[PDB]
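Side-chain atoms are counted along with the backbone in the values below, which use heavy atoms only and exclude waters and symmetry mates. This chain uses plain numbering: 1 for the first residue, then up along the sequence.
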Amino acid sequence: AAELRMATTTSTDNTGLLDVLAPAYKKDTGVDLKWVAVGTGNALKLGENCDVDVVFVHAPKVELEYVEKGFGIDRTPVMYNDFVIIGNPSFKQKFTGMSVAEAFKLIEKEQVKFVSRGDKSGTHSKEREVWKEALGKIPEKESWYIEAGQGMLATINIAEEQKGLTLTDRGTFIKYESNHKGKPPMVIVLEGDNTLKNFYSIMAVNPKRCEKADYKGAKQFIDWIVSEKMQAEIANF
């Protein structure tokens, strides 16, 4: 009967993360998670306006703005659905033992085809971050660096078509895999590096501006997530 009201993002909702957390939380705590999944800006606006108790999003840029502006507090990452580098089976041997930075340097050196989302995407700005960390620059103008301007799944097909590489979240690759049953066009070629980790952030609505937000409920949920049992539990999804 007790509940906690959450504004989240349509892409976050689609990962199923929340559908995993909610039953587990109800079991430990007796509280029902209730969420609405909208646009990023609107998810934050819902917290800004005192419509929810907590906010759950996937965009570190604005998350930080948000905290700054005074809208959210207790920013708390939940790691999930890590990014991986994929390409045809040829490539796996190529990078064995390597960090992402070492592999990307190699990609540049040998000029292997790399396909970027090249759209307004969470995956795209992440992938840009990875090149920046690896080379100190985004190879935007290199002949081998192609910007598709397409959804994740379309840019995987382009990478496959041009016998090159791309960066995708694990969830989509799983979907891609269920499509091409049998013998794989595409295969995980690099994973695990810390810079490839994926985080979704929970923030509590600031009680100082939202007198009637259930900040208690918010802090309880956040503490639960942050707790070792759930830290260890989450890592094992």
Which of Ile138, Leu196, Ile85, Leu135 passes side chain to side chain contact (heavy atoms under 4.5 Å, CB included) with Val130? Answer is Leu196
Does any part of the side chain of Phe56, heavy atoms only, come nearer than 4.5 Å to the side chain of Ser201, both counted from C-beta? no
Crowding at NZ, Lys126 (>12 non-hydrogen neighbours, <6.0 Å): yes
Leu167 and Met152: same hydrophobic cluster, using ILVMFWY side-chain contacts below 4.5 Å? no
Group every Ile, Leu, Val, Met, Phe, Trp and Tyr by side-chain heavy-atom contacts under 4.5 Å, then state whether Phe173 and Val115 land in the same group. no
If you group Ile, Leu, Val, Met, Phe, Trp and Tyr by side-chain heavy-atom gaps below 4.5 Å, do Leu21 and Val226 land in one group? no
Does a donor on one side chain sit under 3.5 Å from an acceptor on the other, for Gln111 and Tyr145? no
How about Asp193 and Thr195: does a side-chain donor come under 3.5 Å of a side-chain acceptor? no
Would you call the rings of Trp131 and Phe114 parallel, tilted or perpendicular, taking 30° and 60° as the class edges? perpendicular
Would you say the side chain of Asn206 lies within less than 4.5 Å of the side chain of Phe71, judging by non-hydrogen atoms? no
Any side-chain heavy atom of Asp13 sitting closer than 4.5 Å to one from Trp35? yes
With the 4.5 Å side-chain cut-off for hydrophobic clustering, are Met79 and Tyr200 part of the same group? no
Does atom NZ of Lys137 have more than 12 heavy-atom neighbours from other groups under 6.0 Å away? yes
Could you check whether any side-chain heavy atom of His58 comes within less than 4.5 Å of a side-chain heavy atom of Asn198, counting everything from C-beta outward? yes
Side chains of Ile202 and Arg75: does their closest heavy-atom pair fall under 4.5 Å? no
Does one side chain, of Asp169 or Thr172, offer a donor that lies under 3.5 Å from an acceptor on the other? yes
Decide yes or no on side chain to side chain contact (heavy atoms under 4.5 Å, CB included) for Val57 and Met203, but give the supporting numbers first. CA-CA 9 Å; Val57 297; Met203 295 166 171; 5.6 Å; no
Would the distance check show the side chain of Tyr215 and the main-chain N or O of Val205 forming a donor-acceptor pair, the cut-off being under 3.5 Å? no
Verify the neighbour count for atom NZ of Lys216: are there more than 12 heavy atoms of other residues, nucleotides or ligands below 6.0 Å? no
Is there a path from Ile188 to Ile158 through hydrophobic residues (I, L, V, M, F, W, Y) whose side chains come within less than 4.5 Å of each other? no
Between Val84 and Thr168, does a side chain to side chain contact (heavy atoms under 4.5 Å, CB included) hold up when you go through it step by step? CA-CA 6 Å; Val84 296; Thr168 177; 4.3 Å; yes
